[PDB]
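Read the structure below first, then the notes.
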Amino acid sequence: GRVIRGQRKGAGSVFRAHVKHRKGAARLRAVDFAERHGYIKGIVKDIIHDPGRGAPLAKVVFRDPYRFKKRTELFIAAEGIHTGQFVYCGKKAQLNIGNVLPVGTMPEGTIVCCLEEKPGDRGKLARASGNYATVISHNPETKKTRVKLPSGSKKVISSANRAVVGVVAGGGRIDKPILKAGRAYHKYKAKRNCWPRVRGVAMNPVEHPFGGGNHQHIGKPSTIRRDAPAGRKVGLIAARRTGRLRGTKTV
RNA sequence: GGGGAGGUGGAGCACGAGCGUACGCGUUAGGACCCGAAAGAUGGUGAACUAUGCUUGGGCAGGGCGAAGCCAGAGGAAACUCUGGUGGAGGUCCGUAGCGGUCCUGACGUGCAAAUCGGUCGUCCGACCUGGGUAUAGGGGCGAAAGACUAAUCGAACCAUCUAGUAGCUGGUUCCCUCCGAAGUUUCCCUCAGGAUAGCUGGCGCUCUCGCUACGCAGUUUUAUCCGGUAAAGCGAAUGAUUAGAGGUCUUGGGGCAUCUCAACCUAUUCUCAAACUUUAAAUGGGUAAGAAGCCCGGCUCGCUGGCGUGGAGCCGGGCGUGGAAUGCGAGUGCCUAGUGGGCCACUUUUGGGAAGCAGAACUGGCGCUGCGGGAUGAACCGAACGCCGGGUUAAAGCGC
RNA sequence: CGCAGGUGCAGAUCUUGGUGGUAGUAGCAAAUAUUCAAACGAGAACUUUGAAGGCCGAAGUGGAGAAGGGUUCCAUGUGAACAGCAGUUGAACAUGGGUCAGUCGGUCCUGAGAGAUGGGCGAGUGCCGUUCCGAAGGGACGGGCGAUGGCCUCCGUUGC
RNA sequence: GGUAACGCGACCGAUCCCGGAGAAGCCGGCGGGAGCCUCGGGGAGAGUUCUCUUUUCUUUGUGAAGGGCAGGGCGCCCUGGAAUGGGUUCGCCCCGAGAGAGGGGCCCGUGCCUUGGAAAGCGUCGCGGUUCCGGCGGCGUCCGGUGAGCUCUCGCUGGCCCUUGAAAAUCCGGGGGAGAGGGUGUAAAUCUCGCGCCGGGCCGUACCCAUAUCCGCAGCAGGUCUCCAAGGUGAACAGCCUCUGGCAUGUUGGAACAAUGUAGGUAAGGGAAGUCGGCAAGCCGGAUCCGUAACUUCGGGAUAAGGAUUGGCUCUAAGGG
RNA sequence: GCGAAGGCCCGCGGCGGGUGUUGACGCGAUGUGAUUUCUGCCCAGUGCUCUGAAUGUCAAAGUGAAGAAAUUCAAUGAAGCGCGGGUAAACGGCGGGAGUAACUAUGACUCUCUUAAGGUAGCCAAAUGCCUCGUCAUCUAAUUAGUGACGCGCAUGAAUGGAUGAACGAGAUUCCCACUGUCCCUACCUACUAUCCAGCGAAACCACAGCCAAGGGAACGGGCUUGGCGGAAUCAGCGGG
RNA sequence: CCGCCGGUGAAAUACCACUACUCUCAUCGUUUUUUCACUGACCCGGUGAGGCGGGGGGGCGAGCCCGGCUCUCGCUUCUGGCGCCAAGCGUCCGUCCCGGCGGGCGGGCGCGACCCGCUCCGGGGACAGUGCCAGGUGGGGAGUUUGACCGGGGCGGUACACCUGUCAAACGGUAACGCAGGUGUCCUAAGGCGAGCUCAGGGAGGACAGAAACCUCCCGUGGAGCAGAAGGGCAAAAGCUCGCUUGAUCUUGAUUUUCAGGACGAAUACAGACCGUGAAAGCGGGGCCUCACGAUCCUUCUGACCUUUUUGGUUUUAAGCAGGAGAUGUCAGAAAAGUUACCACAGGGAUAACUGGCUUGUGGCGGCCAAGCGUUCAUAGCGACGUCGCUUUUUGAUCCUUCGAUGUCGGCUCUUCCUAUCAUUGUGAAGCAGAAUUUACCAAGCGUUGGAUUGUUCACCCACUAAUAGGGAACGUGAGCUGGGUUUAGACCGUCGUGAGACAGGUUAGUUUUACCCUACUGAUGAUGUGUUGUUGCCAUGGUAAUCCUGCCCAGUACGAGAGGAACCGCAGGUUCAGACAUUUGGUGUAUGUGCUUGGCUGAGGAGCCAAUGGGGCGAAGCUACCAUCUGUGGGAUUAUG
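Going by the working numbering, the first residue of the first sequence is number -14, and it counts up by one from there.
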């Protein structure tokens, strides 16, 4: 047989991301002396739209503490921030929507977004529109903090991780039905070449394990093991269960 | 460590025949008699078509419907409703340019054209059409998915090489005359369109034999002597099959009523039968013998056998040619060996099948390999087989034209 | 007389070349259309001029460009071959000639992307990689410290 | 200099820092300007005149770059304080965060006049030399009106997007004030102001751009990216006829008018009886006025279905600046 | 499925690449296919997936023992299988056999077998029904066609999606009005051919060739046998050979 | 007294030392493991590697003790401003000036801006990761395979290795997917020997006892048994019952069967050993005889005072020699699943799917006999039980022709032929009164229709009709059409399959090429001859054509009880076909004839033109329609019959 559609994606030729009109990597500022000990004041200059990304981005201008120059950062816009607002980054920053604070100084129940997975990153978790993480508890002896992620999972991170107070702007985007093949087309024209999805049962057996037959049927169980080769791992990969759920399933 | 006797296994010995060289034929390994695959592999070249993503440009009359928002009026008691305008939404409708390609299964169909032409058709603000520039390259790409497209090539492109790839399969295989002359059958084989094997053929010889100025043999008969269970015949003979009367009677029999008839059994007869039945039993078959390798005398050897001068076998001398049926004929023997290993027809016999110019056997002859006279014509029938000719005569068949 | 062959063809839908019958046959039928007179000329249905009749009917059968072509452009001459009839004609053949820029483009900039060095990988030609594992500046206001040249009291050029 | 918006011909200044321009989608609706078309007159030339037509046809300029003035736009300024709310657009929309009213400021100015400029170009009437003199000369190149008209362009203002519609060279403005200049000369540093002097090298440039210069073996009914775009009819870049321009019927002609064919028509009376099947053809068709069902996701179905009218000529009424 | 020392994937190779200028309202992998109304039962089988291990099997390496060593033996012995779990909008599957309600025919309520459940709601001679042109009705004069019904349905059936349904369709089908050369049944007209001429000028194909009947023959002859017969050179058509 | 002597302690015990199955405690013992911490290898992230860890010093405070002691903190949180390139101090210079110090001019350094400490900061970390080996999983990928025979292949069978009877034609041999059957074993005896008996069945008797219990006599040629199927063989046997045994053992050759006169299997006579049995002669090296089985290579066991183990020697190991065993059943012995409708190549008429040819079971159509049917009566008309044929418009059977191709179902169109005759002409017979009908003869001249459904042939119905007969011609006819069906590639459903995919099931869409050659045929010129040429004519020979029905009258007549109900002559017409023809009606119409009319154009009128025939009305001539009209015929010899 020939290599299959999922295999062809990793080559990254026609399936690469469309990044011509994107505004840059949305991320926090690099940790420094001011954010480690006190705070630093920046100003929101514009709220801009990033193609392929539902969440709006905020352009925040800071002032360099070592030479005469103004810095420009691209943040994930917490819902509520506005142009002309002053945002504060540091361990002494107050608990306000839009500020960047270590999760250790945050109280329990605080809602955060653009959370660092490991200290010194620039925001890695809870970055999509309408998403947030919650601080559950701290452990000042080991300098660890538990956080609930938007998937429902629970994670122990370092308390020096930083985050933005609030939720990511643009929530409810999935509530409106797309309603149109064309609107789906325009949605993925800004992201990557993945949208019009042909079914494997509609293919020939040479391009998919589910192809062929005089009827349009899978012919073999669609639940596949984790160790299956690349051209075989199609269907439901390592499914712990199948069918309609009755309740909430979590680890 | 070396000897003996008696059996068996050896490509051995037993007064060498080989080596070198040339030629011919045969079997192979090699391109391997010549031409022929579908494939496989290794390195390369293509996205000037087309598929998809990206960058930068360009393009899309005129009409219909009339979403939201806004204005005014009428209400009603209010609720809120109704009316007339304005407005210009939409993967909205008609329909140009453009893009596409339904039906006529129209034209053309050695065309204008290796896919075009006409009328009629679908869409025509969108998932729209399009130029250039870019990216993805062959078990790879790309695919709103047809195994589609990837330079008229796609169920793995094209180029060169490995490569004169292999082929039990198809086609072809070049001068003359002379002589000899087949097989389609046996056994083994993933053997059934092929081989190996025996058989049939040819060539080279060789060992002898007869005769003039016989070593022996035979697709024949006869004379002796065995072998057989087919044709026939048989069932008052065995095993099976089977028809009808008759004469008797024990009846763990029945029926109609002291019973009496049936049935049963027995006995003697009677009709009809057998590839897998038989007492009997042909015709045509098959084997052996018809002398000198025989016959008859005398002696010797033996470890075998043994009452014995026994028996059996072997060996050494001697004698006997009326050459011990007919007919015909010169025999024996070695090496090498090609083609063939699809058969078919007829008298008789014969299996399956209603049968067949059907399928399968036996014997002999024939066609195939073969022409000639006759059957008008015809592979096989009847007659007869062939160097080039003259005379004569026939066969089978004929003699109205 | 001997020696040695790439030594004899009717076939192989054999190979190369040549030639027939078909056959003066099929055909020279897509988009309405030509006529009169004259000129040159050996020669005119087809060239040129004039006069008529028609067509494209501005999303043209018009006027200009991009690709691509490469002299096909222009003048003169020829009528051998070619332009599937002719031809006095041609995008044919021959002889000459023709493309002039500071202000129109290229040239410059980056885009999608392509691609070296450092580094890494790799038997290897090489490949991955484009900021990532680099001591990646060769410049400049200005100041100072010296040489040098000038319309040299002074200024400028050149090294640290 | 101006209360201000900003203005004037210049109006010093480095490292450094901030910003702007280059630099942004598609669709709709209005308005301004130009080109084209149109209408009424005046010139010059031409056509028709059998009868009429004071007619019909052609033609009737002012480049860039400066200067001035219209005109368009403005979330620019000053006075002032609005409800009995007012202003205003086709739509909207705007106002105590300052409406209306009045007065200013700026930007664009492709329009008009002007320098260029009539000396040139065109039209027409004549006179020369000789193949060419940009020969010479006379007269003219005028005055108006219209518009949802078409095209281009400049603006304003909206709609749509889970789509938000490049980057870099290059150029400019501002913040700061390290520095420089001269002591009162008729002076200095400095000047993005006016004029004057010198230079701008290399490559491309002819022509075809397609029913004959390109690809399809060819002068091949195929294919191949764009720009400009008159009159009439009419909704129209539809189809039909015409002007500017172009052409010679698409690699030949003459004669005839047979069959069969290809393409285009018509047909009495029936009206799908043909055929697998109404295939093919035919019916209907535009606009105006009426009238429109089942069903329905309430949007539609819908040009449902069905009916009437439609020419020419002569009038009337209404709709504006 | 995945919280990034990750999921999916590329690559001969480098903690090299794509998604990713990304972070669960995201990326990747599948199935079904608007809206409406529903989506029944089965985890035995095959997959996928979780850990309790009572824990059995279980290589290399390591450990110990015997022998002079090569060797041999023993214990130990990871994942996987086994073992117990989930799970069908995973692949799929959804039967009979009995026991029986006052004419029948039909026949709930009870129990059992394989290999777990026995086909629920709906729907149907359907694009799915062999028998079959099923039976009834309607459509016509006449209907193997159409439609509506019926239910033991060879072999319907519920995201291998069931049922339905406005709007839409160069999709398949039946009937009706209108209209007609589709037809009865053909005819006439027009242009371009074909035609003839001047000029130019191919190709396919070709053992030899070319009149029949019967015969026999490789069983359907142009040739052979026996009969019928046979007269130069050609033109336009034609489709038997 | 503790003590075997005492449950007559099953020995069980005082005295002693050992180990035996379990538990616990430990070991500076051995090894293997689990957890926590460290950093330094190794990894990840951030940054322009910009302030890390301690010690401070002063200031902001909080507490505590009577100035300390401990701790905190690092100067920025109303405004959509500004922020760098040091101020200020404290010192050191001038080759510089003006009065050692001062002033001016130009400079330097330190603090402002603390010191020290080894990794820039943070997060992991001896894990992850990498290299090498080992086990699992792995159609993601690669390579390959997927028997043969066969009245085509497949499905089915095994006729593939063996045995019995028959075929088989009286030696032997002899084929078919011929017939009837058996085999892949079974046996320590069912092998070997000896002895002694006689079996199946039947008759007659005997308590329970009977058709079958056991006892006795008699008859018994085997009619029983001998294990496997069948055939042969066998009676003081080879059968039954006992007794003893292992000749079913160890060896070398020869031979038979199949056969090539290789092998294997099986078998036959000997020979040399060692044994069994019996008194002995003898018999016995498996089964009474003909079936019951297996190469090389590899493995495994057994045998020898065996041979090699590579410089020699000893010992393990290994190799060899000989005989058994582990197996190939496709049985002379490869290691092996499917699909292809997306397909490919070499071939085959050695072989299927058409026609044709043989055959005719089946289909269809006839005939003979006569049991019955027909009120009566075998035969008007039929015809049982039987029996003989014909035909090739059914389907089979076969495989001769064609696989370097003979285009394939049906319909449409068109011609000709056959008769086994539906009608019509002429007849014969009847259970023929008339009418209607049935049976048969000559006979194929003429005719045999319009439609609904279906792709259909076939069928069925509706309706006319004289009748609505059956067939052939390569199952006539595709360079004649059509393409509905069947028969490619797209797609859907059901069932089957794990799947790829299959369906002799349904459904929908799906390119129909070439004639100009020869002949045939249709027409058209022409040809040889009569000296040339023309006119008028004759005829050989070939073709051939007419067909059927109404109404009136006969006549409400014959016939018949009635009901009903004809026919010949004659008259008037019509159907189908054929040959012509336009006077008339209709069609056509570009006479481009004459009006009308739209758009445009020639200045307008008049007159015209263009729009591939602009459109439309009416139209001459011509052509043409059962859509008008006209015409269509006589004898001869005879068939069946009388």
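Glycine residues also receive a C-beta, built at the ideal position from the N, C-alpha and C atoms.
Nearest candidate by alpha-carbon position, reference residue i, set the options
i: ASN81; options: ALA148, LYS176 and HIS3; result: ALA148
i: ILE142; options: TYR170, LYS(-6), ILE25 and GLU102; result: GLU102
i: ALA187; options: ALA62, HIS200, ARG177 and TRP180; result: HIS200
i: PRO194; options: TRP180, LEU230 and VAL219; result: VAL219
i: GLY37; options: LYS234, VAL4 and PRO50; result: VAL4
i: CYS179; options: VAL(-1), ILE(-11) and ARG(-13); result: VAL(-1)
Classification of residue i by the beta-carbon crowding that lies within 10 angstroms, buried from 16 upward
i: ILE159; result: exposed
i: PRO125; result: exposed
i: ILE66; result: buried
i: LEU230; result: exposed
i: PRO214; result: exposed
i: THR208; result: exposed
Per DSSP, cross-strand counterpart(s) of residue i
i: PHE60; result: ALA43
i: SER143; result: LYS129
i: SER122; result: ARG131
Extent of the continuous beta strand (DSSP E) to which residue i belongs
i: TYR51; result: It is not in any beta strand (DSSP E) - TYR51 carries neither H nor E in the DSSP assignment.
i: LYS30; result: 24 to 33
i: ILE163; result: Unbroken run through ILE163: none, as it is neither H nor E.
Where the alpha helix (DSSP H) through residue i begins and ends
i: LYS172; result: 166 to 174
i: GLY75; result: That residue, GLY75, is in no alpha helix (DSSP H); its beta strand (DSSP E) goes 71 to 75.
i: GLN(-8); result: -10 to -6
For this session: Say whether the region 20 to 37 touches the region 118 to 125, bearing in mind that this needs 3 or more beta-carbon pairs closer than 8 Å, one atom from each stretch.
Result: No contact exists between the region 20 to 37 and the region 118 to 125.
Exercise. If you pair each beta-carbon of the region 16 to 25 with each one of the region 128 to 140, do three or more pairs fall below 8 Å?
Worked result: In short, these stretches do not touch, since the Cβ pair count stays below three.
For this session: Take every Cβ of the region 178 to 196, pair it with every Cβ of the region 90 to 108, and state whether three or more of those distances are shorter than 8 Å.
Result: In this structure the region 178 to 196 does not lie against the region 90 to 108, because fewer than three pairs of beta carbons, one per stretch, are closer than 8 Å.
Exercise. When the Cβ atoms of the region 40 to 47 are set against those of the region 60 to 67, are three or more pairs found closer than 8 Å?
Worked result: They touch, by the three-pair rule.
Exercise. Do the region 21 to 31 and the region -14 to 5 make contact, defined as three or more Cβ pairs closer than 8 Å?
Worked result: The answer is no - the region -14 to 5 does not touch the region 21 to 31, with fewer than three Cβ pairs under 8 Å.
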